[PDB]
Every structure is written in C-alpha cells, then in structure tokens.
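Before any questions on how it binds or moves, here is one chain, the form deposited in one PDB entry, in structure tokens.
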C-alpha cells in the first residue's frame, strides 16, 4: 500500500472564467479545484499538469520561473510549497501548467501520476527535535501511510457512493504517529521513519504514557495503531492541551494488508481501554448517509475541533465497509493557518 496522495497528475482543464483588473490571469476549474492560470495558457479541454496544494517543487527557473520568487528552504533544498491563496477575491489552490513545459510527458494520458516522474515531494509542517528524534530505520513497508485522498479529487466516487454510510471524524492537526506490532517486535514511527526510544522522543513518550505498547500485546495481533499526536509544542497547541497525547484514527491489519473497518476499530479501542490501556480516539461524529455534493461536504468540514472554540482542520469520512475513505479539509482553516 502506498498511502500517499498523488501530488502531480495529468488533468483536463474545466470551465475557464475571467477575473477583472490587470487580468493577465483567469480562473481555471480543475476537477474539484479552482486555480488561477495565466492568460491564454489553456483552453477548456486542454491537458495540463496539476500540482496539488502541499506539493514541494524544487527551484528551476527554466521549468518553474513563476515560482522563483516564492521559494523557501525546505529539508535543505530551495523550492516552493504550494499553498492556498486568494487572488482578487478568487480562491486559488494548486498549480496548473500546460504540456509545453513537459515534453517528456508527451505520451502520458489523463489521470497519470507524474509525481515521481517530475521529482515532486510532499511538503509537511516543521516538527521539533522531540518529534523527529534519532531515526532508527525506514518506515515499515508492510504498513500503509496515513494520508487521505481529498474530496476535490473524488467527485465521481462521491456520487457513486450515494446511499452508503460513513464514519465521520474530526481531523486533528498534529503529527502522524504509528505504533505497531509484528511478531515479537513492537515499534514506534513518525510520519516517514521508524523512531527510536530516546527518552526525549515524543512519539515514544506518548506510547509509554498511555501503555498502548502493553495494549498491543494484550491484543497479540500484528496491528498498526495509527493516530495523531497533538499538544504542547505541536502546531502551536490550539487544542490547549497540557502535555502531549495520542489520538487514534486507524488500525491497519498488517497480515491482511488492509485497514480495519470503523466497527472493527471501535471494537479494539473499547477492549484496550477496558483493560487499563487508555488509548484516546479522534472525536467521532454522527454517522452520515452520503447524499451530498463536494461543496456540501466541504461546508461540513468547517466546525469545532477537539476543543470546541477552536476551528478544526477538517473531517475524515470512512465507509463502514472500510474500503473507501476520504478527507474534507476546511478551506477557512487553510486560509487562516497558512503556516500549515
């Protein structure tokens, strides 16, 4: 499982509309996204390369001259983090570039993932030294990463899922953490690396605090507990917790290489807590029978977080059969918190 989003893909330009002023620019609809394009770059139906927000694009003035004055330093390389913006009142998300800048992609077709072919990587918010402390080894290849596809890329699948029921959960803005057991080994990982138990490491700290390692042996299955660590010194601690804590949002069955269903996951969470292992869960909302447009789902995303007077990052939707999940991120949140 490559639980990663497809950062750069070949897409088709949708409807194009103007924007007053020195309109060297216009509005381009790319499937569920709106992004601002330069005048005459595209006409509806043209193929282009769409880079999603959170893409990191390494500096290249021949390739991407339009990002040259947007660059920052990220993981030791000069490049541009694609971020939500508002351009003369027009919300703009992602970068859409015509095929003439990518002659090597000439044969590629709509839908193709060219993330790897173009050297694009995922920007992620900084973390302190307690959250990236002393990498032990690679992230286990037998465990899926935790990322969720965005609803803007799923408009056809949303309509095909009308009538299906989903677990709705609050998306917390922390650092993703995995605690797993595989047959005499129990490890703790950050986003992208397995971590070692430096008595200063925050992931290991949280795993020890809630006994979830002892919990994993009480379960005695090869499982990966995946969740968000939040609190002090993490994304400014807007939930206003004291200390740090782990909030579970998925359980991966390693031997079956699939996520447990919401009912199978809420099953184990009850058992863990019943036996002294106090594993918290991301807030769970009422189930939703899906009968909604993408715009309705995105309007649902804005709301209260773990702390009720803090605006949440968004919502995650998980079909009760476990084979379809997606995220709806609040655009108000993205506009406000553009450090993240």
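Positions refer to the first chain, counted from 1.
Separately, the form deposited with a small molecule bound exists; it is not shown, and the next lines address it.
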4.5 angstroms heavy atom contact with the small molecule in the deposited complex for residue 146: yes
Contact of residue 191 with the small molecule in the deposited complex (heavy atom, 4.5 Å): yes
Contact flag, residue 124 vs the small molecule in the deposited complex, heavy atom cut 4.5 Å: yes
The small molecule contact at residue 245 in the deposited complex, heavy atom, 4.5 Å: no
Contacting member of 172, 179, 95, 234, with respect to the small molecule in the deposited complex [4.5 Å, heavy atom]: 172
Residue among 300, 294, 37, 282 with a heavy atom within 4.5 Å of the small molecule in the deposited complex: 282
Options 87-95, 108-116, 146-154, 71-79; stretch whose heavy atom lies within 4.5 Å of the small molecule in the deposited complex: 146-154
Exercise: are residue 79 and residue 141 on one rigid part between this form and the one not shown: no
